[PDB]
There are 2 protein chains.
Amino acid sequence: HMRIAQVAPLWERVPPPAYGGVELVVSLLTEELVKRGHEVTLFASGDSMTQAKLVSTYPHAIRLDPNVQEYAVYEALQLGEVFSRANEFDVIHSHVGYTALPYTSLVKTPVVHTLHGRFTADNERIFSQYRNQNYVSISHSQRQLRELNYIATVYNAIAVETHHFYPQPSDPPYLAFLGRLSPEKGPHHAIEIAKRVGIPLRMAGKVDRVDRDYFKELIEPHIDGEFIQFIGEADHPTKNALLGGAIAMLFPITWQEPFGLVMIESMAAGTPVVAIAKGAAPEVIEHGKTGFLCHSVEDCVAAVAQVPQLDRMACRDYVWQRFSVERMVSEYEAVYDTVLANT
Amino acid sequence: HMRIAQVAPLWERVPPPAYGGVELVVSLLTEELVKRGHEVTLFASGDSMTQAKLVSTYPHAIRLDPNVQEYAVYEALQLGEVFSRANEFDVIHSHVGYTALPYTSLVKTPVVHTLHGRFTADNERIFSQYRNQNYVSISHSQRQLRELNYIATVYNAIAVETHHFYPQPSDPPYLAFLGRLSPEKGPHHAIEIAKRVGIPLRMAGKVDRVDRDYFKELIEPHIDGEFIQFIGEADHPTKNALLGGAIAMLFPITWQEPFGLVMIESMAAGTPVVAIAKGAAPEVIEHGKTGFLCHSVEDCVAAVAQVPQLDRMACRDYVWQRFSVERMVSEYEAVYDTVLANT
Ligand SMILES: OC[C@H]1O[C@@](CO)(O[C@H]2O[C@H](CO)[C@@H](O)[C@H](O)[C@H]2O[C@H]2O[C@H](CO)[C@@H](O)[C@H](O)[C@H]2O)[C@@H](O)[C@@H]1O
Ligand SMILES: OC[C@H]1O[C@@](CO)(O[C@H]2O[C@H](CO)[C@@H](O)[C@H](O)[C@H]2O[C@H]2O[C@H](CO)[C@@H](O)[C@H](O)[C@H]2O)[C@@H](O)[C@@H]1O
Ligand SMILES: O=c1ccn([C@@H]2O[C@H](COP(=O)(O)OP(=O)(O)O)[C@@H](O)[C@H]2O)c(=O)[nH]1
Ligand SMILES: O=c1ccn([C@@H]2O[C@H](COP(=O)(O)OP(=O)(O)O)[C@@H](O)[C@H]2O)c(=O)[nH]1
């Protein structure tokens, strides 16, 4: 009973066939909002698949499109189209970060910003200047700047029904890594953990330009092909098989993780998570039940021996209980309600 | 008699102590507008030196500042500052490129955009969408998108008086290269010309992140220390001594050059330019008088024999005649009048 604009990043399709976190959350939120009878306009790439109105400034995902060199050009096209049409919307829900803040002061339609990223020494200064806007965080640990006007915390979610549940892991045990090959995700940690426990590690993910040196130096020399396997970038079925077959997923971050969608994807498949307790991991993992919070590699190494005891079905039930689209979209509805009323 | 906003890039100080083309043009334009009684607000780094109003979102030039990783944050900070105060100005003069186009449709004060860059396969798409805006080209050959509403072509200018004139080049002859060490400027070409003419080459310029590989592979292995010299980025006095002492400046571009300030800087010192006839070279160099338009390495080599034959003093007068601050600022004043009238 509202007109809602969803402004997504253009790096990935909505929803992404493989890598993509925000575009996934935007897809789930958008589709469910439309089902609830709202007039939704999706601002996303041209190959996106939505039942809402799709306005696109480029036909394809930009990350893997070979003809595009300047992503910022089409980002600016998107924001120009959105805020030029402000009075065609009751609320604008932006997922593109700080690039939308100077536009918000120039239009009358209220804008809601879901923060999907880490606060940095630089972006804090632009967020500071626009602190009295309606931000929504995806985890409590993310709120490192309290002077911002957080309307609410709305945890992310996945479509649990679409993830196949695995009752028992693969007959010869192996560990899984799923994520972009970045130091922030610590795949080098994951490689050390598997070698010291003696259990193989299967890796999947992208290696975009910023991590090529890191992959060339720390990761690639260790990809054995037998004990350390790497299947670059995985679509939904491939990733669902990878975590499901594993006894546990290594999530050894070295970085203030905003949320970590792979964790709830692992648990949804029934595979618990051995993670280091940084950022949102303590809020996502229930220690000793759906996984194990660790503070060191050895803590993670020791925890892998206590992984078989966990109830794998409890992991899936846990994801259903707190990380469902039903709850997320309802919480996002509460946000729109508040923003339109407390203006 | 107008209130004018000057929106500069933040990579370099206004004025730049060393490298910096666009930031230099903004200085001469800003100071001269103030002298003519305009209420000018300059948006640039906090260490800028202006007699106009200085609004800064970061205190220093960002290119060499080690604490900044996200330039787009402060660019957005600046663009937010300008258009939030749009009705404090009669005209906004933007030099930051396409990132300001979506703002122009959202504010009431008319905006004039000076194009300082090359049209790209990507950036063409955002300019097309905003073609009915007030663009100003710095050369006619730059107008690769004719469908834009060009108000006028306004060639750039330099402060000729600040460049010392050199009547006779250095006693043992040498060739000069001045520019960013980029393939677009073809410094490797200049080295091919050096050995074929038998005259040494003195090189000056920056090597920023994008051209470090280009530098290590194509340029650096050839730096003798005697025949090929590189003095890593030069401030104003050093670069003027570099050009003045040279018999000619090599400008072997490989790229649709928007203008090329080093060309009128070389001539200002009295040094003619051996350039490849791409982009703005035919409009900046008077062939056979202040330099030589060339079409290959061999065509440049042949021109070096005909360089001691040109009048060096005619070069300085040429820059005074067409590329003076007086002429540029008056033409930009005419542009301001037209934009305010044909609104
Ligand atoms: O401060 C580190 C900075 O890295 C970010 C930039 O916002 O990572 C994104 O950009 C890099 C490009 O180098 C990508 O490797 C990375 O996948 C990006 O992650 C974000 O952008 C994707 C595309 O939309 C989303 O799918 C993803 O959900 C999102 O995390 C940030 O992580 C961080 O701010
Ligand atoms: O189309 C090529 C693309 O290269 C640009 C990037 O926008 O070059 C600028 O940024 C590169 C680094 O990638 C620098 O080497 C270069 O100095 C830059 O040139 C422009 O930006 C400076 C800072 O404002 C100006 O001082 C300079 O005069 C200007 O040419 C662009 O040239 C272009 O878009
Ligand atoms: O090979 C991969 C690697 C990642 N993803 C997905 O892209 C999203 C990544 O989100 P996450 O929060 O876990 O990491 P980040 O956003 O910080 O890159 C998740 O849905 C992953 O399942 C994927 O499909 N394939
Ligand atoms: O060591 C250097 C190298 C370059 N420049 C200046 O950087 C500017 C570059 O302008 P130009 O148009 O010639 O090249 P571009 O803008 O495309 O980089 C010129 O004023 C140069 O004088 C400089 O001062 N010192």
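Per chain, numbering begins at 1; letters A, B, ... match sequence-line order.
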Does one side chain, of A:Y103 or A:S94, offer a donor that lies under 3.5 Å from an acceptor on the other? no

May I have the step-by-step check of side-chain hydrogen bond (donor to acceptor under 3.5 Å, both in side chains) for A:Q69 and B:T120, ending in yes or no? CA-CA 9 Å; A:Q69 319 276 311; B:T120 81; over 6 Å; no

Is there a donor-acceptor pair closer than 3.5 Å between any side-chain N or O of B:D235 and the backbone N or O of B:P17? no

Any B:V22 side-chain heavy atom under 4.5 Å of B:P9 side chain: yes

Kindly indicate, with the supporting measurements, whether the criterion side chain to side chain contact (heavy atoms under 4.5 Å, CB included) is fulfilled by A:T114 and A:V154. CA-CA 9 Å; A:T114 291; A:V154 191; over 6 Å; no

Using the test salt bridge (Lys or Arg N to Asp or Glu O under 4.0 Å), find all partners of B:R63 that sit at least two apart in sequence or belong to another chain. B:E12, B:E233

Contacts of B:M2 that satisfy side-chain contact (heavy atoms from CB on, under 4.5 Å) - sequence neighbours left out: B:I4, B:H38, B:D90, B:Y336, B:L340

Please confirm whether the backbone N or O of A:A121 pairs with a side-chain atom of A:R125, one donor and one acceptor, at under 3.5 Å? yes

Step by step, would you call B:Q6 with B:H95 a side-chain hydrogen bond (donor to acceptor under 3.5 Å, both in side chains)? CA-CA 8 Å; B:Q6 287 294 321; B:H95 305 260; 3.0 Å; yes

Determine whether B:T99 and B:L79 make a side-chain contact, defined as any pair of heavy atoms from C-beta on separated by less than 4.5 Å. yes

Check: A:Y155 ring centroid to A:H140 ring centroid under 6.0 Å: yes

Can you measure from CG (A:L115) to OH (A:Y150) and round to the nearest 0.5 angstrom? 6.5 Å

Here the pair of heavy atoms bringing A:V40 nearest to A:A52 is O-CB, 3.2 Å

Distance (rounded to the nearest 0.5 Å) between B:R118 CZ and B:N123 CG: 7.5 Å

Where the side chain of B:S27 meets the backbone of B:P15, is there a donor-acceptor pair that is under 3.5 Å apart? no

Is A:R180 positioned over the aromatic face of A:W255, cation under 6.0 angstrom from the ring centre and no more than 45 degrees off axis? yes

On a heavy-atom basis, which atom in A:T109 and which in A:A86 lie closest, and how many Å separate them? OG1-O, 2.6 Å

Non-hydrogen side-chain atoms of B:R146 and B:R143 separated by less than 4.5 Å: no

Determine the sole option in B:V26, B:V55, B:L33 for which the side chain to side chain contact (heavy atoms under 4.5 Å, CB included) test with B:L42 is passed. B:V26

NE2 of A:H113 to OH of A:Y135, rounded to nearest 0.5 Å, is 5.5 Å

Donor-acceptor under 3.5 Å (B:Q142 side chain, B:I138 main chain): yes

According to side chain to side chain donor-acceptor pair (under 3.5 Å), does anything in residues 48-62 of chain A pair up with another residue at least two apart or in another chain? List the pairs. A:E31-A:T50, A:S45-A:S48, A:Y58-A:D65

At what distance, to the nearest 0.5 angstrom, does OH of B:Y98 lie from CG of B:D122? 8.5 Å

Tell me if a side-chain donor or acceptor on B:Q78 pairs with a main-chain N or O of B:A8 at a distance below 3.5 Å. yes

For the residue pair B:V111 and B:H93, establish whether any side-chain heavy-atom pair is separated by less than 4.5 Å. no

Under the side-chain hydrogen bond (donor to acceptor under 3.5 Å, both in side chains) test, residues paired with B:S182 that sit two or more places apart: B:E184

Euclidean distance, A:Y74 OH relative to B:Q129 CD, rounded to 0.5 Å: 12.5 Å

Within a reach of under 6.0 Å around CG of B:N87, are more than 12 heavy atoms found that belong to other residues, nucleotides or ligands? no

My understanding is that only residues two or more places apart in sequence, or in another chain, count here; which of them pass salt bridge (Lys or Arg N to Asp or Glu O under 4.0 Å) with B:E326? B:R36

For B:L148 versus B:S128, what's the shortest heavy-atom pair and its separation? CD2-N, 4.4 Å

Can you see which heavy atom on A:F83 is nearest to which on A:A100, and at what distance? CZ-O, 4.2 Å

Any sub-3.5 Å donor-acceptor pair from B:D211's side-chain atoms to B:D208's backbone N or O? no

Within this structure, what is the OG1-CZ distance for the pair A:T41 and A:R85, rounded to the nearest 0.5 Å? 7.0 Å

List the residues meeting side-chain hydrogen bond (donor to acceptor under 3.5 Å, both in side chains) with A:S139, not counting sequence neighbours, and say none if there are none. A:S141

Begin from the C-alpha positions of B:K185 and B:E257 and carry the test salt bridge (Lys or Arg N to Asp or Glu O under 4.0 Å) through to its verdict. CA-CA 9 Å; B:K185 304 302 197 181; B:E257 174 75 69; 2.4 Å; yes

For the student: nearest non-hydrogen atoms of B:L54 and B:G46, plus distance: CD2-O, 4.0 Å

One thing to verify: whether B:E265 and B:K239 come together as a salt bridge, which I'm taking to mean a side-chain N less than 4.0 angstrom from a carboxylate O. yes

Those residues that, when tested against A:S105, pass side-chain contact (heavy atoms from CB on, under 4.5 Å) (two or more places apart): A:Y130

Show, in sequence, the C-alpha distance, side-chain angles and deciding distance for B:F127 and B:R131, and conclude whether the side chain to side chain contact (heavy atoms under 4.5 Å, CB included) test is met. CA-CA 6 Å; B:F127 286 118; B:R131 74 185 145 201; over 6 Å; no

The salt bridge (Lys or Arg N to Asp or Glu O under 4.0 Å) partners of A:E331 (sequence neighbours excluded) come to A:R327

Would you please name every residue forming a salt bridge (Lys or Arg N to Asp or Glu O under 4.0 Å) with B:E283, sequence neighbours left out? none

Which heavy atom of A:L24 sits nearest to which heavy atom of A:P16, and what is that distance? N-CD, 3.7 Å

Can you name the residues that form a side-chain contact (heavy atoms from CB on, under 4.5 Å) with A:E124, not counting sequence neighbours? A:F119, A:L145

Please report the C-alpha distance between A:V112 and A:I92 in whole Å, then the side-chain angles of each, then the deciding distance to 0.1 Å, and finally whether the side chain to side chain contact (heavy atoms under 4.5 Å, CB included) criterion is met. CA-CA 6 Å; A:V112 186; A:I92 303 175; over 6 Å; no

Qualifying residues under side-chain contact (heavy atoms from CB on, under 4.5 Å), relative to B:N149, sequence neighbours excluded: B:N134, B:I151

Heavy-atom distance under 4.5 Å between the side chains of B:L10 and B:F43, does that happen here? no

Residue pair A:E23 / A:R13, side-chain heavy-atom distance below 4.5 Å: no

Residues which pass side-chain hydrogen bond (donor to acceptor under 3.5 Å, both in side chains) with B:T338, listed by chain and number, not counting sequence neighbours: none

Aromatic ring proximity B:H116/B:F259, centre distance under 6.0 Å: no

Side-chain heavy-atom pair A:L261, A:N156 within 4.5 angstrom cut-off: yes

